[PDB]
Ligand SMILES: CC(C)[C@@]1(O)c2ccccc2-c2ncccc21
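Taking the form solved without the named molecule, here's one chain by itself in structure tokens.
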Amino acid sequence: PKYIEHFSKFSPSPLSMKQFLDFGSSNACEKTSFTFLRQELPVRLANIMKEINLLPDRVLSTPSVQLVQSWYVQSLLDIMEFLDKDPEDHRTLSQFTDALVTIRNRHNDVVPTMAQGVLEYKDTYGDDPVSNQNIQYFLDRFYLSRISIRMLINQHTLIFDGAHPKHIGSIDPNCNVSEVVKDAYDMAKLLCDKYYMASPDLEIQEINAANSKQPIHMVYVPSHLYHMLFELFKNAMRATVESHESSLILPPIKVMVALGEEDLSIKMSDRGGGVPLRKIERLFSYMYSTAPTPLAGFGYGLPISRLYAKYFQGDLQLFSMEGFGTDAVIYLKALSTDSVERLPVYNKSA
């Protein structure tokens, strides 16, 4: 496919936080966002479509991968319509925003569509370790690519609608980390109360190393941070509740927010009994998380949460002590200059 082949010759251009903040500082930069995205979105779509086509035929030919690939073919065609158009025509800009909303919605069902493909592979070819590794390699890259494409689209559509805001699209330049922790906790608690008629309490501490008195803020995408905390909270709560059937008191879930020179770290700690070290890694596996529903443990929340952390050069790690409980740490870049998109690239090595 030459249209795919043309744009897949380009590498995606990762943006920093600063670069994102400049695009949406003004409404005058809408021409700049359009001429940039009408090139960069085809580049990122084509790069992931090229990788989809490297899949063995027994995966490529299944209905779910064909369905998803047909969406990416259509979204590419939608955008390379605007390549010749003139940026000075306001009807070209508004139709461009329109076409982005259509593309975003078209792809809204990708996560359970791919999971249906995983389920079929497990039943048609099996769940050996080499299959697990290849599913994991592919879906990590596919989903991280999709996160990055969605980020670009949100930044354009949220900013250029039609007038000097605090939030810049999906970026909050003064994100109060502890408030997002509490929001995600409250939401998980609401679900956990409905499921189990009980829920652990929350304790938050902050360590702002350089300024011990200042509440910890950062530049970040709070919906991503919410997503990660919410998924971790549901897990911590289920583990706490189900390991204390015989206890009257549930241990709280504790959160420590630490700000260092380079890292902003968020540790969540439960006393939910923990798991043996041998079983930690499978918790991040798409294959083992796919089955044919409890508060936590199934679906792709945990591995996708790790990709959100990785997207701006962070990480998400799990540490448990069997018989006691489990820690989860989200590591984020403390400095906006260090927060740069992490994109999968289609090099020959891949």
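Shifts are known only where both forms have a C-alpha. So that there is no doubt, residue numbering starts at 1 and follows the sequence shown. Rigid core (definition): largest C-alpha set, two forms, superposition within 1.5 Å.
Annotation: residue 244 does not belong to the positions left without coordinates in a third of the other compared entries; each one with flanking residues models it. Residue-level annotation: residue 164 lacks coordinates in a third or more of the other entries compared, counting only those that model residues on either side of it. Unmodelled residues of the deposited sequence between residue 323 and residue 324: none, the chain being continuous.
Per the record, residue 162 and residue 163 are separated by a gap of 4 to 9 residues from the deposited sequence that were not modelled. As the entry records it, the average C-alpha temperature factor is higher for 33 to 41, out of 33 to 41 and 306 to 314. Comparing 106 to 114 with 224 to 232, the stretch with the higher mean C-alpha B-factor in the PDB entry is 106 to 114. In the PDB entry, the Cα temperature factor peaks, among 182, 267, 166, 278, at 166. Across 178, 170, 74, 240, the greatest Cα temperature factor reported in the deposited entry is at 74. The entry lists a Cα temperature factor for residue 201 that places it in the middle third of the chain's modelled residues.
The entry lists a Cα temperature factor for residue 63 that places it in the middle third of the chain's modelled residues. Among the modelled residues of its chain, residue 140 has a C-alpha B-factor that falls in the lowest third according to the deposited record. Residue 28 sits in the highest third of its chain by CA B factor, as recorded in the PDB entry.
Remark: residue 122 belongs to the middle third of its chain, ranked by C-alpha B-factor as recorded.
Here the subject shifts to the form deposited with the named molecule bound, a form of this protein not shown in this document.
Picking from 149 to 157, 199 to 207, 76 to 84, 177 to 185 the stretch near the named molecule in the deposited complex, with a 4.5 Å limit on heavy atoms, gives 149 to 157. Remark: residue 15 counts among the residues lining the named molecule in the deposited complex, judged by a heavy atom distance of 4.5 Å or less. Although the partner is absent here, residue 33 is a contact residue: one of its heavy atoms lies within 4.5 angstroms of the named molecule in the deposited complex. Contact annotation for residue 331: none of its heavy atoms lies within 4.5 Å of the named molecule in the deposited complex.
The named molecule is not shown here, but in the deposited complex it comes within 4.5 Å of a heavy atom of residue 37.
The residue that stands out in 26, 35, 62, 313 is 26, the single one whose Cα moves by 2 angstroms or more between the shown form and the other one on a rigid core fit. A shift of at least 3 angstroms brings the Cα atoms of residue 28 and residue 15 nearer to each other in the deposited complex than in the displayed structure. Core-superposed comparison between the shown form and the other one: one run of at least three consecutive shared residues with Cα shifts of 2 Å or more is located, at 26 to 28.
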